[PDB]
Amino acid sequence: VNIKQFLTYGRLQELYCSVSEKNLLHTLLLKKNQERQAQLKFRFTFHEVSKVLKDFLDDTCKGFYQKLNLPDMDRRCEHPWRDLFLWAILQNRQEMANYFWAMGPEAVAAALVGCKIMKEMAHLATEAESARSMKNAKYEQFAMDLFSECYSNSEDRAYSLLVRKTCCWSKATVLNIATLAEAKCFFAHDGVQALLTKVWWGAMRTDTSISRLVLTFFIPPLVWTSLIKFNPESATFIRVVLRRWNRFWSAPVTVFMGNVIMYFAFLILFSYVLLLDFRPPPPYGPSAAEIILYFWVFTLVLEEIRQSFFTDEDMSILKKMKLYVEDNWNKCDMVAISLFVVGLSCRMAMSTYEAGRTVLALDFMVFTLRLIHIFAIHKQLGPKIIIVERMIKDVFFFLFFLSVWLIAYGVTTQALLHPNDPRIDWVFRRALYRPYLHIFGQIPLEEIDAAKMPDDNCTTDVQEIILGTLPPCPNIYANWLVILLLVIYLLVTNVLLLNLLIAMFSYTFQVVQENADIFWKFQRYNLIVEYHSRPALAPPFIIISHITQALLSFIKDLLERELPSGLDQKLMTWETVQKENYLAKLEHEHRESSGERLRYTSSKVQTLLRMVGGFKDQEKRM
Amino acid sequence: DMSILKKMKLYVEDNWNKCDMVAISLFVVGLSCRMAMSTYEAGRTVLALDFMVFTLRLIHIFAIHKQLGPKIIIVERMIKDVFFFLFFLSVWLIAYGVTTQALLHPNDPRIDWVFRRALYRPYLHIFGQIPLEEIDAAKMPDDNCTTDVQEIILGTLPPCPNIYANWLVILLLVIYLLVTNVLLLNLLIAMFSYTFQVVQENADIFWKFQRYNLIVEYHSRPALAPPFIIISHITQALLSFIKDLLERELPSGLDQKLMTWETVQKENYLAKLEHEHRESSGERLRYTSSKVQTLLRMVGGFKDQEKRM
Ligand SMILES: C[C@@H]1CC[C@@]2(OC1)O[C@H]1C[C@H]3[C@@H]4CC=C5C[C@@H](OCC[C@H](CO)CO[C@@H]6O[C@H](CO)[C@@H](O[C@H]7O[C@H](CO)[C@@H](O)[C@H](O)[C@H]7O)[C@H](O)[C@H]6O)CC[C@]5(C)[C@H]4CC[C@]3(C)[C@H]1[C@@H]2C
Ligand SMILES: C[C@@H]1CC[C@@]2(OC1)O[C@H]1C[C@H]3[C@@H]4CC=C5C[C@@H](OCC[C@H](CO)CO[C@@H]6O[C@H](CO)[C@@H](O[C@H]7O[C@H](CO)[C@@H](O)[C@H](O)[C@H]7O)[C@H](O)[C@H]6O)CC[C@]5(C)[C@H]4CC[C@]3(C)[C@H]1[C@@H]2C
Ligand SMILES: C[C@@H]1CC[C@@]2(OC1)O[C@H]1C[C@H]3[C@@H]4CC=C5C[C@@H](O)CC[C@]5(C)[C@H]4CC[C@]3(C)[C@H]1[C@@H]2C
Ligand SMILES: C[C@@H]1CC[C@@]2(OC1)O[C@H]1C[C@H]3[C@@H]4CC=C5C[C@@H](O)CC[C@]5(C)[C@H]4CC[C@]3(C)[C@H]1[C@@H]2C
Ligand SMILES: COc1ccc(/C=N/NC(=O)Cc2cccc3ccccc23)cc1OC
Ligand SMILES: COc1ccc(/C=N/NC(=O)Cc2cccc3ccccc23)cc1OC
Ligand SMILES: *[C@@H]1O[C@H](CO)[C@@H](O)[C@H](O)[C@H]1NC(C)=O
Ligand SMILES: *[C@@H]1O[C@H](CO)[C@@H](O)[C@H](O)[C@H]1NC(C)=O
Ligand SMILES: [Ca+2]
Ligand SMILES: [Ca+2]
């Protein structure tokens with residue numbers, strides 16, 4: 001059977017029509033067909049499967065069958081193995097999907113597509129067994145192992161494979177398909193991380209020392225010295241020096257260093273303005289440093305807006321805003337800009353001047369917190385941030401138990417100790433603020449224990465208590481109960497709950513570290529990709545880059561590259577050969593496994609015993 | 001036979017040697033300053049720091065102990081978790097301290113007190129030092145204090161802490177205490193636990209390697225401790241000017257006997273390896289499968305002959 005000649009578009013349509021009506025694909029096609037019929041031979045046509053693929057693969061499958069609107073039923077499928085793989089994946093037929101993947105031209109991208117579709121269908125599966133099978137699809141493992149073979153073979157053709165635009169998946173890069181598939185473990189592979197490191201260091205050698213890089217950054221003339229080694233590949237001299245300067249100063253690592261230094265400068269300036277150079281309203285006027293700070297924040301907002309909305313040519317504005325608000329650090333950034341605007345507005349007025357100062361102090365807090373996210377690309381700091389995010393839940397469990405016990409103890413002690421105090425603020429003080437401070441070793445026995453209570457003259461009159469002329473007299477009717485309750489509450493909270501929280505953090509760290517590291521590698525991919533369109537000038541100098549780009553656009557990458565036809569064919573042939581080697585090695589290591597040897601020995605011993613018994617019968621006859 | 005520059009590089013490659021150089025530099029500077037009236041107090045200060053450094057060297061003196069050395073290596077390995085905790089704590093501490101300084105003393109111009117209230121107090125919050133008497137208005141003592149900038153600078157009266165929005169100050173203190181004293185501290189405890197469990201063995205191997213060098217160092221070390229070691233130094237210098245258990249050269253016969261014994265032991269080792277490989281389960285299965293296949297083919301030939309006969 002010749003699948004290229006066997007599989008036409010008609011047979012593919014017939015295969016899509018002959019769904020067993022008991023799995024997910026039939027229900028999805030039913031919904032799509034009902035929608036198509038309402039909006040108005042074969043039970044389903046290629047438009048329904050195109051819509052299903054769109055739901056799973058937003059634009060990876062664009063033009064697979066819409067382009068010709070359905071194609072000719074009599075024509076051979078251009079990518080028959082791709083179509084069969086998609087058809088088998090869409091209905092959880094993993095054995096045929098494995099076969100069609102092993103028989104396909106572009107297997108890493110196909111495996112990533114299968115991973116994406118399987119994890120998309122795992123949410124839609126009604127039965128638990130099918131959902132479990134989809135959740136154990138192990139197609140990302142196939143992609144990882146095939147790329148391991150490819151990276152071991154060449155390690156240079158592997159990067160080209162990672163960055164080349166695939167023919168069978170609508171010019172989608174393998175890294176693009178991995179990002180869409182959200183393949184954490186594929187991005188954690190050593191080859192992908194090495195390519196990311198090569199991109200990160202730019203034109204410089206990846207073994208460049210950090211100290212020499214910092215010394216070259218602080219002292220620009222050292223760029224032209226041989227202190228920093230670079231990766232190979234009057235007017236001539238000017239061109240050479242300009243090329244060296246632009247090669248050093250446009251690498252992602254130097255851009256990151258400049259951004260970090262300028263953010264430290266921004267925090268220093270913000271704190272100087274807030275603490276030492278904050279002036280009365282415009283009647284007297286904001287200081288010059290405050291105006292520079294306003295301009296600085298304006299440049300920061302421009303960089304954020306550009307990076308978030310002015311980087312993708314084809315992408316929905318509403319979808320871009322949803323992507324922006326989906327990130328919690330972006331929520332922090334919006335909180336920071338809102339606080340800055342509100343504080344500036346209030347500061348411009350005399351009646352709201354102090355409120356403006358307060359809001360600007362909160363804004364400094366928020367920006368200094370953003371400083372944590374700035375260092376998310378560090379090799380050792382990012383996974384720790386992810387680990388903290390994972391331990392927030394143990395923090396919340398401790399907080400639930402502590403809150404219950406704290407409310408009980410605080411309200412009971414308030415009732416037992418100051419029954420006659422009507423002030424709501426002091427009720428809440430003694431009921432929540434004091435027991436909370438008991439956790440941090442702040443135990444003020446001077447107002448809990450009668451023997452320790454100072455004998456300053458104090459009133460029992462309600463009006464005098466409300467007016468604040470004298471403190472209220474703490475009731476000491478049954479103080480043994482107050483002391484006993486304090487003892488029990490201290491025991492519970494400061495021993496059991498605190499050390500239980502310590503134990504929970506220990507266990508969570510030990511069980512989370514590895515997944516946190518894989519997540520960090522996936523996040524590091526996106527962080528490094530963000531520097532491709534990021535200008536080399538840090539704020540506030542980034543205004544120059546913004547103006548230059550805007551003017552160039554109005555007047556007039558290492559990743560995701562398109563190769564010539566010959567090289568692209570050579571690379572796909574090399575990928576197929578590597579896949580054949582991988583499959584042969586798998587079948588070999590299976591064939592000389594202990595279990596297969598035992599099976600072979602048992603079967604052959606049984607057959608040999610039967611044949612020798614026949615021979616013995618013949619000998620007895622003879 | 002060893003290069004002077006290479007010897008100096010080897011010396012400065014050791015961090016304990018860096019500590020020793022710091023100690024001797026501090027001693028010399030302190031003595032020099034102490035010899036002068038105008039620098040006497042500075043000399044006393046530097047000599048106190050020098051005592052600190054020497055007492056720290058006392059840790060390295062006990063590096064050859066069976067149980068103490070690996071613990072020193074383990075501490076060296078946990079310094080990195082200390083640094084992670086310090087990064088997170090530094091970020092949160094700077095944020096909280098500067099925000100509280102802005103909210104609470106907006107009119108204080110003294111740089112030293114700005115840095116005090118911005119870093120020294122939040123840092124002490126980690127060790128249970130929470131002075132609510134200057135953070136909470138209801139607890140602030142009513143000693144008479146000035147709002148005049150000149151009087152604040154002169155130090156005649158303490159500045160008046162602003163209590164405009166004190167609920168925010170208390171809430172920020174609550175949140176900062178929660179974060180730093182619970183999450184960061186217990187996370188650091190968890191990180192030390194994991195690091196200890198995953199480091200102890202390699203730390204012990206490193207200690208054994210270091211113990212080799214420490215024991216070798218005693219071959220040329222004189223038996224007299226300081227200050228009596230001056231006698232040994234003078235004696236050796238005079239003997240050199242006027243005129244080991246390890247690394248020994250053997251006679252030819254014994255050396256040949258030892259190399260022959262080594263070769264015989266290596267042959268025994270290789271034979272035992274090949275033997276324990278030959279009677280392994282996998283090799284037995286491979287042998288059985290191959291011989292069963294060959295036997296089946298031969299018995300099939302015999303059965304064909306019997307059918308013919
Ligand atoms: C192993 C485990 C550890 C935990 C625990 O279980 C075991 O320990 C138990 C020990 C127990 C405690 C043992 C003992 C007591 C004492 C008892 O008093 C009863 C009241 C007595 C008897 O009528 C009278 O009171 C008087 O009040 C007056 C104030 O009104 C004071 O006047 C003051 O006036 C002014 C105040 O400024 C100043 O001039 C002076 O300061 C002073 O002149 C008197 O001086 C004082 O005499 C109350 C209970 C208490 C604290 C126990 C509580 C529970 C424990 C901690 C157990 C744990 C589970
Ligand atoms: C389970 C979890 C634990 C943590 C937490 O969440 C829950 O608990 C919450 C509880 C909450 C707190 C609840 C209540 C409050 C009170 C509130 O007051 C608002 C201001 C009021 C109302 O206009 C007025 O103030 C007045 O100021 C004056 C000073 O200017 C004082 O005069 C003093 O003058 C002199 C000072 O030396 C001396 O003569 C005396 O000392 C005294 O005469 C008055 O006495 C006092 O009345 C501020 C906020 C605070 C502290 C909450 C903070 C947040 C919590 C801890 C929550 C946690 C997240
Ligand atoms: C963690 C929660 C947050 C929400 C809350 O409980 C803890 O906070 C508490 C702080 C309380 C304030 C504290 C001080 C005053 C001043 C007083 O003159 C009038 C009452 C009022 C406004 C109180 C109203 C009730 C409030 C919001 C409580 C509220 C349930
Ligand atoms: C851990 C870092 C070390 C470096 C540093 O920040 C923490 O130390 C801080 C101590 C500060 C000192 C403290 C006291 C005074 C006295 C005052 O009359 C003039 C200003 C001056 C010298 C301050 C200048 C800025 C200094 C060095 C800060 C500096 C960023
Ligand atoms: C020890 O401090 C931290 C450790 C880890 C994170 C992770 N943020 N992970 C995020 O997604 C952002 C975020 C999350 C939650 C609360 C935040 C508050 C302020 C600022 C950012 C927040 C943040 C931390 O401080 C702010
Ligand atoms: C609990 O204290 C210690 C535990 C382990 C070491 C290891 N030093 N390991 C070294 O290589 C020397 C060194 C290293 C780093 C800082 C030092 C400061 C003072 C003195 C020596 C330093 C040191 C300690 O105190 C000084
Ligand atoms: C005790 O009460 C008197 C009023 O009679 C008052 O003058 C004094 O301030 C109170 N307490 C003290 C000793 O300060
Ligand atoms: C209160 O101010 C006065 C000046 O009028 C001063 O004498 C006194 O020392 C200040 N505080 C107190 C009560 O010590
Ligand atoms: Ca952002
Ligand atoms: Ca030494």
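As a basis for the values below, the full set of heavy atoms in this structure was taken, side chains included, without hydrogen atoms, waters or symmetry mates. First the proteins, then the strands, lettered A, B, ... as listed; each starts at 1.
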For this session: For B:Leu172 and A:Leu362, run side chain to side chain contact (heavy atoms under 4.5 Å, CB included): C-alpha distance rounded to whole Å, both residues' side-chain angles, the deciding distance at 0.1 Å, then the answer.
Result: CA-CA 9 Å; B:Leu172 288 184; A:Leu362 271 185; 4.1 Å; yes
Problem set entry | Criterion side chain to side chain contact (heavy atoms under 4.5 Å, CB included) on B:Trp92 and A:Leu369, from CA distance to verdict | CA-CA 7 Å; B:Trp92 269 93; A:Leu369 293 188; 3.7 Å; yes
For this session: Tell me, with the steps shown, if A:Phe375 and B:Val91 meet side chain to side chain contact (heavy atoms under 4.5 Å, CB included).
Result: CA-CA 11 Å; A:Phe375 283 95; B:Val91 177; over 6 Å; no
Problem set entry | Verdict with reasoning, A:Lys384 to B:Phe88, per side chain to side chain contact (heavy atoms under 4.5 Å, CB included) | CA-CA 10 Å; A:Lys384 294 313 190 262; B:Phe88 284 117; 3.8 Å; yes
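Looking at B:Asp108, the atoms closer than 4.5 Å to chain A (heavy atoms on both sides) all sit in the backbone: N, CA, C or O. With a 4.5 angstrom heavy-atom cutoff, A:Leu267 does not touch chain B via any of its atoms. For chain B, the nearby parts of A:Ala355 are the backbone and the side chain; heavy atoms of each come within less than 4.5 Å. A:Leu399 touches chain B through its side chain: at least one heavy atom from C-beta onward sits under 4.5 Å away, while N, CA, C and O do not. Only the side chain of A:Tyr436 comes within less than 4.5 Å of a heavy atom in chain B; its backbone stays farther off. Residue B:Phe192: no heavy atom, backbone or side chain, is found under 4.5 Å from chain A.
In terms of non-hydrogen atom pairs under 4.5 Å with chain A, the most contact-rich of B:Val174, B:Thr100, B:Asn162, B:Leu173 is B:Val174. Of the listed residues (A:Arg429, A:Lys604, A:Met391, A:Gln510), the one with the most heavy-atom contacts under 4.5 Å to chain B is A:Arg429. Ranked by heavy-atom pairs under 4.5 Å with chain A, the list B:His125, B:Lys80, B:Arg286 is led by B:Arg286. Top candidate by heavy-atom pairs under 4.5 Å with chain B, chosen from A:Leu371, A:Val395, A:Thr358, is A:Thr358. For the options A:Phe364, A:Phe398, A:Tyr507, A:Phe367, heavy-atom pairs under 4.5 Å to chain B are most numerous at A:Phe364. Note: B:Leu177 leads B:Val114, B:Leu177, B:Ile94, B:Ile111 in heavy-atom pairs under 4.5 Å with chain A.
Between A:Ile387 and B:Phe84, the closest side-chain pair of non-hydrogen atoms is not below 4.5 Å.
Atom CG of residue A:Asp425 and atom CH2 of residue B:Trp167 lie 15.0 Å apart, to the nearest 0.5 angstrom. Here A:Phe440 contributes atom CZ and B:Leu178 contributes atom CG; the two are 5.5 Å apart, rounded to the nearest 0.5 Å.
For CD of B:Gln67, the number of neighbouring non-hydrogen atoms (other residues, nucleotides, ligands) closer than 6.0 Å is 12 at most.
Each salt bridge (charged side-chain N to carboxylate O under 4.0 Å, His left out) pair with one or both residues in residues 356-375 of chain A, not counting sequence neighbours, appears once here: A:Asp333-A:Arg370, A:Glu354-A:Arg357.
Across all their heavy atoms, A:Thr368 and B:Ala95 have their closest contact at CB-CB, 3.6 Å. Minimum heavy-atom separation, B:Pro109 to A:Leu276: O-CD2, 3.7 Å. Heavy atoms only, all atoms of each residue included: A:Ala361 and B:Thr99 are closest at O-OG1, 3.3 Å.
Applying the side-chain hydrogen bond (donor to acceptor under 3.5 Å, both in side chains) criterion to A:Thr352, with sequence neighbours excluded, gives no partner residue.
Taking non-hydrogen atoms and a 4.5 Å limit, the residue list of residues 273-285 of chain B in contact with chain A, ordered by number, reads B:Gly282, B:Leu285. The contact list for residues 179-187 of chain B toward chain A, using heavy atoms and a distance under 4.5 Å, reads B:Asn181, B:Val182, B:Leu183, B:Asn186, B:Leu187 by residue number.
Between the B:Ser289 side chain and the A:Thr601 main chain, no donor and acceptor come within less than 3.5 Å of each other.
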